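Shown next as structure tokens: one chain only, the form deposited in one PDB entry.
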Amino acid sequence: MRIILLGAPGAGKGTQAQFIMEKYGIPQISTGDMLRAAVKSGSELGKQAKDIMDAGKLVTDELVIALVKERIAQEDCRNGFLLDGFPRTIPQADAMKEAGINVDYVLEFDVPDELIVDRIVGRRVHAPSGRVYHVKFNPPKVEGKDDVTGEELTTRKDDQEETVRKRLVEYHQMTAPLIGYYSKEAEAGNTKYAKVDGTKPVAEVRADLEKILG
């Protein structure tokens, strides 16, 4: 099974991707997580990406496409994968289509801007692993600590309020057109398309996605 999750930054995609990976046994392919890992490792890609992500801008399509191409060639993706934050632009979607990669489900998260801004304020990450929490809506079991390692949680540099505003503007300009892109693919019979109300509690969105995916 192959899935794309579509939605604004902060819509809840990475949170729900964890549950899908656990139940359906397919890896989460998050280009944000992979780019942050490149920074953490000090790879050449990481050297290029850090300043761009910190500014709330998109990394070049050609670099991200190559990153995803290599990732999905790895053994753990042989039987499917979940794309989370990719494709992010029409050229990224066209590259995957040109490559001959169809997906089985495209799942769109419907969340208004007003809620995203307010919501991202509380996002906390365990920076080494990428595990994601919210101080209120999905808190760690011990305040400020990762559930697995007990290490202190951090705030992402690009989650600062002014950067979030910029990121959202760019989402609507560059990324929201993928809604029509994959709606059209579904009309052609190339994928199934569904939209979930991502303003509901985490558990309710999870149940809605479980009903769609079986």
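A residue's number is simply how far along the shown sequence it sits, counting from 1. By rigid core we mean the largest C-alpha set that fits within 1.5 Å across both forms.
Although not depicted, the form deposited in another entry is the subject of the following passage.
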For the list 62, 70, 152, 187, which one shows a CA move of 2 Å or more between this form and the one not shown after the core is fit?
152
Spell out whether the Cα of residue 112 moves at least 2 Å between this form and the one not shown when the two forms are superposed on their rigid core.
no
Core superposition between this form and the one not shown, C-alpha change of residue 32 at least 2 Å:
no
Please state whether residue 45 has a C-alpha shift of 2 Å or more between this form and the one not shown, with the rigid core used for the fit.
yes
